[PDB]
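Okay, model11.pdb is below, PDB, C-alpha atoms:
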```pdb
MODEL        1
ATOM      1  CA  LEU H   1     -38.838  31.727 -85.342  1.00  0.00           C
ATOM      2  CA  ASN H   2     -38.618  31.175 -81.586  1.00  0.00           C
ATOM      3  CA  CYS H   3     -37.509  33.194 -78.536  1.00  0.00           C
ATOM      4  CA  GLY H   4     -33.927  32.027 -78.663  1.00  0.00           C
ATOM      5  CA  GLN H   5     -33.693  33.474 -82.140  1.00  0.00           C
ATOM      6  CA  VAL H   6     -35.332  36.713 -81.014  1.00  0.00           C
ATOM      7  CA  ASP H   7     -32.823  37.019 -78.159  1.00  0.00           C
ATOM      8  CA  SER H   8     -29.872  36.522 -80.486  1.00  0.00           C
ATOM      9  CA  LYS H   9     -31.112  39.077 -83.006  1.00  0.00           C
ATOM     10  CA  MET H  10     -31.914  41.700 -80.328  1.00  0.00           C
ATOM     11  CA  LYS H  11     -29.010  41.172 -77.933  1.00  0.00           C
ATOM     12  CA  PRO H  12     -26.838  43.829 -79.641  1.00  0.00           C
ATOM     13  CA  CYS H  13     -29.575  46.295 -78.630  1.00  0.00           C
ATOM     14  CA  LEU H  14     -29.349  45.383 -74.961  1.00  0.00           C
ATOM     15  CA  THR H  15     -26.869  48.073 -73.925  1.00  0.00           C
ATOM     16  CA  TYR H  16     -28.939  50.706 -75.724  1.00  0.00           C
ATOM     17  CA  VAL H  17     -32.224  49.744 -74.049  1.00  0.00           C
ATOM     18  CA  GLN H  18     -30.350  49.721 -70.746  1.00  0.00           C
ATOM     19  CA  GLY H  19     -29.536  53.408 -71.090  1.00  0.00           C
ATOM     20  CA  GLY H  20     -26.343  53.102 -73.086  1.00  0.00           C
ATOM     21  CA  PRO H  21     -25.612  54.779 -76.439  1.00  0.00           C
ATOM     22  CA  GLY H  22     -27.063  53.484 -79.684  1.00  0.00           C
ATOM     23  CA  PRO H  23     -28.782  51.856 -81.314  1.00  0.00           C
ATOM     24  CA  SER H  24     -25.571  50.371 -82.707  1.00  0.00           C
ATOM     25  CA  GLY H  25     -25.337  49.184 -86.285  1.00  0.00           C
ATOM     26  CA  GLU H  26     -25.343  45.609 -84.991  1.00  0.00           C
ATOM     27  CA  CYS H  27     -28.495  46.306 -83.033  1.00  0.00           C
ATOM     28  CA  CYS H  28     -30.211  47.672 -86.141  1.00  0.00           C
ATOM     29  CA  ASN H  29     -28.990  44.822 -88.363  1.00  0.00           C
ATOM     30  CA  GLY H  30     -30.484  42.392 -85.884  1.00  0.00           C
ATOM     31  CA  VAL H  31     -33.720  44.367 -85.753  1.00  0.00           C
ATOM     32  CA  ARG H  32     -33.957  44.492 -89.542  1.00  0.00           C
ATOM     33  CA  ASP H  33     -33.208  40.807 -89.843  1.00  0.00           C
ATOM     34  CA  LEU H  34     -35.736  39.900 -87.164  1.00  0.00           C
ATOM     35  CA  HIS H  35     -38.301  42.104 -88.877  1.00  0.00           C
ATOM     36  CA  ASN H  36     -37.670  40.282 -92.149  1.00  0.00           C
ATOM     37  CA  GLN H  37     -38.101  36.881 -90.475  1.00  0.00           C
ATOM     38  CA  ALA H  38     -41.369  37.911 -88.848  1.00  0.00           C
ATOM     39  CA  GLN H  39     -43.312  37.383 -92.087  1.00  0.00           C
ATOM     40  CA  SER H  40     -46.512  35.838 -90.769  1.00  0.00           C
ATOM     41  CA  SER H  41     -48.879  37.024 -88.056  1.00  0.00           C
ATOM     42  CA  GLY H  42     -47.661  34.096 -85.994  1.00  0.00           C
ATOM     43  CA  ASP H  43     -44.035  35.133 -86.310  1.00  0.00           C
ATOM     44  CA  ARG H  44     -44.857  38.710 -85.389  1.00  0.00           C
ATOM     45  CA  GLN H  45     -46.828  37.502 -82.380  1.00  0.00           C
ATOM     46  CA  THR H  46     -43.890  35.277 -81.432  1.00  0.00           C
ATOM     47  CA  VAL H  47     -41.506  38.226 -81.575  1.00  0.00           C
ATOM     48  CA  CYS H  48     -43.945  40.130 -79.383  1.00  0.00           C
ATOM     49  CA  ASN H  49     -44.377  37.315 -76.849  1.00  0.00           C
ATOM     50  CA  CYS H  50     -40.604  36.809 -76.670  1.00  0.00           C
ATOM     51  CA  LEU H  51     -39.738  40.489 -76.223  1.00  0.00           C
ATOM     52  CA  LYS H  52     -42.606  40.982 -73.806  1.00  0.00           C
ATOM     53  CA  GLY H  53     -40.975  38.325 -71.632  1.00  0.00           C
ATOM     54  CA  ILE H  54     -37.426  39.577 -72.215  1.00  0.00           C
ATOM     55  CA  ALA H  55     -38.319  43.166 -71.276  1.00  0.00           C
ATOM     56  CA  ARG H  56     -39.489  42.195 -67.801  1.00  0.00           C
ATOM     57  CA  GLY H  57     -36.049  40.778 -67.078  1.00  0.00           C
ATOM     58  CA  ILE H  58     -33.967  43.704 -68.346  1.00  0.00           C
ATOM     59  CA  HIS H  59     -32.469  45.804 -65.570  1.00  0.00           C
ATOM     60  CA  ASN H  60     -32.881  49.543 -66.150  1.00  0.00           C
ATOM     61  CA  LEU H  61     -34.963  48.997 -69.272  1.00  0.00           C
ATOM     62  CA  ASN H  62     -35.295  52.362 -70.997  1.00  0.00           C
ATOM     63  CA  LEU H  63     -38.653  52.175 -72.781  1.00  0.00           C
ATOM     64  CA  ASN H  64     -37.964  55.450 -74.584  1.00  0.00           C
ATOM     65  CA  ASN H  65     -34.840  53.932 -76.105  1.00  0.00           C
ATOM     66  CA  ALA H  66     -36.680  50.660 -76.812  1.00  0.00           C
ATOM     67  CA  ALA H  67     -39.510  52.581 -78.468  1.00  0.00           C
ATOM     68  CA  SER H  68     -37.059  54.521 -80.636  1.00  0.00           C
ATOM     69  CA  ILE H  69     -35.553  51.349 -82.091  1.00  0.00           C
ATOM     70  CA  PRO H  70     -38.039  50.881 -84.954  1.00  0.00           C
ATOM     71  CA  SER H  71     -37.654  54.420 -86.304  1.00  0.00           C
ATOM     72  CA  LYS H  72     -33.906  54.643 -85.755  1.00  0.00           C
ATOM     73  CA  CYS H  73     -33.405  51.224 -87.322  1.00  0.00           C
ATOM     74  CA  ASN H  74     -35.791  52.057 -90.167  1.00  0.00           C
ATOM     75  CA  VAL H  75     -38.272  49.239 -89.616  1.00  0.00           C
ATOM     76  CA  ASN H  76     -42.010  49.630 -89.440  1.00  0.00           C
ATOM     77  CA  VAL H  77     -43.465  48.596 -86.097  1.00  0.00           C
ATOM     78  CA  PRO H  78     -46.925  50.272 -85.942  1.00  0.00           C
ATOM     79  CA  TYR H  79     -47.436  49.171 -82.361  1.00  0.00           C
ATOM     80  CA  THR H  80     -46.618  50.924 -79.113  1.00  0.00           C
ATOM     81  CA  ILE H  81     -43.541  49.359 -77.530  1.00  0.00           C
ATOM     82  CA  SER H  82     -45.146  49.166 -74.094  1.00  0.00           C
ATOM     83  CA  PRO H  83     -44.996  46.645 -71.278  1.00  0.00           C
ATOM     84  CA  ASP H  84     -48.743  46.139 -71.396  1.00  0.00           C
ATOM     85  CA  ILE H  85     -48.618  45.387 -75.117  1.00  0.00           C
ATOM     86  CA  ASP H  86     -51.186  42.745 -76.031  1.00  0.00           C
ATOM     87  CA  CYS H  87     -49.362  40.233 -78.233  1.00  0.00           C
ATOM     88  CA  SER H  88     -52.561  38.377 -79.091  1.00  0.00           C
ATOM     89  CA  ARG H  89     -53.618  41.466 -81.045  1.00  0.00           C
ATOM     90  CA  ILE H  90     -50.516  41.659 -83.207  1.00  0.00           C
ATOM     91  CA  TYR H  91     -50.969  40.445 -86.775  1.00  0.00           C
TER      92      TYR H  91
ENDMDL
END
```
What's the structure tokens form of this structure?
Amino acid sequence: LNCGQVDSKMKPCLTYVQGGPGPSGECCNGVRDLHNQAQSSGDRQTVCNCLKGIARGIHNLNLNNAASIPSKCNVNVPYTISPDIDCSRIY
């Protein structure tokens, strides 16, 4: 797992986090697949570091939409999807 992979998996969610409709089925499939690949603490931290960086560069990022992705896509992400998220504390 690396950031390029995270970007590919999450890209289908881009329009949704930018205020568009969704999450699309493709967005959720990517989320579910990424979730499945983030098996170790290290992978989960990687996902966090990668998305933390991605988020800052997304124009019109809708955090409410971003935060609704786990529930809507049926994946457990027991962490607040916030900009100030501390990735070193994800395990």
Can you work out which one of H:14, H:77, H:34, H:66 has the shortest atom-to-atom distance to residue 46 (chain H), counting all atoms listed in the file?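 Closest residue, counting all atoms listed in the file: H:34.
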Go through H:50, H:38, H:61, H:31 and flag the residue nearest residue 12 (chain H), using all atoms listed in the file for the distances.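 Answer, going by the shortest atom-to-atom distance: H:31.
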At most 12 Å from (-26.0, 53.7, -69.1), file frame, only C-alpha atoms: which residues, as an NGL selection string? :H and (14-22 or 59-62 or 65)
Mind checking which residues fall within 10 Å of residue 30 (chain H), counting all atoms listed in the file, ignoring those fewer than 6 positions away in the same chain, and posting them as a PyMOL selection string? chain H and resi 6-13+24+36+73
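Residue nearest residue 23 (chain H), chosen from H:3, H:55, H:67, H:47 and counting all atoms listed in the file: H:67.
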So, counting all atoms listed in the file, which residue among H:37, H:4, H:44, H:29 is closest to residue 79 (chain H)?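 The answer is H:44, which sits nearest to residue 79 (chain H).
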To one decimal place in Å, what is the distance between CA of residue 43 (chain H) and CA of residue 89 (chain H)?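 These two atoms are separated by 12.6 Å.
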Might I get the box with edges along x, y and z of the file that holds all atoms of region 80-87 of chain H listed there, padded by 3 Å on every side, given as centre and edge lengths in Å to one decimal, as AutoDock Vina command-line options?
```
--center_x -47.4 --center_y 45.6 --center_z -75.2 --size_x 13.6 --size_y 16.7 --size_z 13.8
```
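Relative to CA of residue 25 (chain H), CA of residue 85 (chain H) is found at 26.1 Å.
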Residue 76 (chain H) surroundings by all atoms listed in the file, 10 Å radius, close-in-sequence under 6 positions cut, as a PyMOL selection string: chain H and resi 32+35+69-70
For region 32-47 of chain H, supply N, CA, C and O atoms and report the output as a PDB file, in the coordinates of the input.
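Result file is part37.pdb:
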```
ATOM      1  N   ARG H  32     -33.516  44.628 -88.156  1.00  0.00           N
ATOM      2  CA  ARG H  32     -33.957  44.492 -89.542  1.00  0.00           C
ATOM      3  C   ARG H  32     -34.093  43.031 -89.933  1.00  0.00           C
ATOM      4  O   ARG H  32     -35.041  42.640 -90.619  1.00  0.00           O
ATOM      5  N   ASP H  33     -33.145  42.213 -89.499  1.00  0.00           N
ATOM      6  CA  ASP H  33     -33.208  40.807 -89.843  1.00  0.00           C
ATOM      7  C   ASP H  33     -34.390  40.133 -89.145  1.00  0.00           C
ATOM      8  O   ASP H  33     -35.096  39.316 -89.740  1.00  0.00           O
ATOM      9  N   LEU H  34     -34.622  40.486 -87.889  1.00  0.00           N
ATOM     10  CA  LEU H  34     -35.736  39.900 -87.164  1.00  0.00           C
ATOM     11  C   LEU H  34     -37.044  40.310 -87.826  1.00  0.00           C
ATOM     12  O   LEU H  34     -37.967  39.509 -87.967  1.00  0.00           O
ATOM     13  N   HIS H  35     -37.112  41.569 -88.234  1.00  0.00           N
ATOM     14  CA  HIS H  35     -38.301  42.104 -88.877  1.00  0.00           C
ATOM     15  C   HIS H  35     -38.588  41.326 -90.162  1.00  0.00           C
ATOM     16  O   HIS H  35     -39.734  40.992 -90.466  1.00  0.00           O
ATOM     17  N   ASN H  36     -37.533  41.026 -90.907  1.00  0.00           N
ATOM     18  CA  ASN H  36     -37.670  40.282 -92.149  1.00  0.00           C
ATOM     19  C   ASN H  36     -38.115  38.836 -91.896  1.00  0.00           C
ATOM     20  O   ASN H  36     -38.819  38.249 -92.712  1.00  0.00           O
ATOM     21  N   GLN H  37     -37.714  38.257 -90.770  1.00  0.00           N
ATOM     22  CA  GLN H  37     -38.101  36.881 -90.475  1.00  0.00           C
ATOM     23  C   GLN H  37     -39.515  36.782 -89.941  1.00  0.00           C
ATOM     24  O   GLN H  37     -40.142  35.726 -90.021  1.00  0.00           O
ATOM     25  N   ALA H  38     -40.018  37.882 -89.397  1.00  0.00           N
ATOM     26  CA  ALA H  38     -41.369  37.911 -88.848  1.00  0.00           C
ATOM     27  C   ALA H  38     -42.333  38.218 -89.991  1.00  0.00           C
ATOM     28  O   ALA H  38     -42.935  39.287 -90.037  1.00  0.00           O
ATOM     29  N   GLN H  39     -42.470  37.254 -90.902  1.00  0.00           N
ATOM     30  CA  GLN H  39     -43.312  37.383 -92.087  1.00  0.00           C
ATOM     31  C   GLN H  39     -44.795  37.145 -91.850  1.00  0.00           C
ATOM     32  O   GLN H  39     -45.635  37.842 -92.413  1.00  0.00           O
ATOM     33  N   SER H  40     -45.120  36.151 -91.036  1.00  0.00           N
ATOM     34  CA  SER H  40     -46.512  35.838 -90.769  1.00  0.00           C
ATOM     35  C   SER H  40     -46.977  36.465 -89.467  1.00  0.00           C
ATOM     36  O   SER H  40     -46.168  36.912 -88.659  1.00  0.00           O
ATOM     37  N   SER H  41     -48.291  36.482 -89.273  1.00  0.00           N
ATOM     38  CA  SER H  41     -48.879  37.024 -88.056  1.00  0.00           C
ATOM     39  C   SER H  41     -48.304  36.261 -86.872  1.00  0.00           C
ATOM     40  O   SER H  41     -47.971  36.841 -85.839  1.00  0.00           O
ATOM     41  N   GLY H  42     -48.190  34.948 -87.042  1.00  0.00           N
ATOM     42  CA  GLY H  42     -47.661  34.096 -85.994  1.00  0.00           C
ATOM     43  C   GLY H  42     -46.244  34.462 -85.608  1.00  0.00           C
ATOM     44  O   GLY H  42     -45.902  34.459 -84.424  1.00  0.00           O
ATOM     45  N   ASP H  43     -45.411  34.767 -86.596  1.00  0.00           N
ATOM     46  CA  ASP H  43     -44.035  35.133 -86.310  1.00  0.00           C
ATOM     47  C   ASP H  43     -44.009  36.462 -85.585  1.00  0.00           C
ATOM     48  O   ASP H  43     -43.259  36.637 -84.631  1.00  0.00           O
ATOM     49  N   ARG H  44     -44.828  37.405 -86.038  1.00  0.00           N
ATOM     50  CA  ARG H  44     -44.857  38.710 -85.389  1.00  0.00           C
ATOM     51  C   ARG H  44     -45.338  38.567 -83.950  1.00  0.00           C
ATOM     52  O   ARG H  44     -44.804  39.211 -83.050  1.00  0.00           O
ATOM     53  N   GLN H  45     -46.331  37.716 -83.726  1.00  0.00           N
ATOM     54  CA  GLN H  45     -46.828  37.502 -82.380  1.00  0.00           C
ATOM     55  C   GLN H  45     -45.750  36.845 -81.531  1.00  0.00           C
ATOM     56  O   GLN H  45     -45.623  37.140 -80.341  1.00  0.00           O
ATOM     57  N   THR H  46     -44.972  35.952 -82.140  1.00  0.00           N
ATOM     58  CA  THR H  46     -43.890  35.277 -81.432  1.00  0.00           C
ATOM     59  C   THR H  46     -42.872  36.309 -80.984  1.00  0.00           C
ATOM     60  O   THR H  46     -42.450  36.313 -79.830  1.00  0.00           O
ATOM     61  N   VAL H  47     -42.471  37.183 -81.903  1.00  0.00           N
ATOM     62  CA  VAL H  47     -41.506  38.226 -81.575  1.00  0.00           C
ATOM     63  C   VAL H  47     -42.028  39.029 -80.393  1.00  0.00           C
ATOM     64  O   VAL H  47     -41.284  39.339 -79.464  1.00  0.00           O
TER      65      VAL H  47
END
```
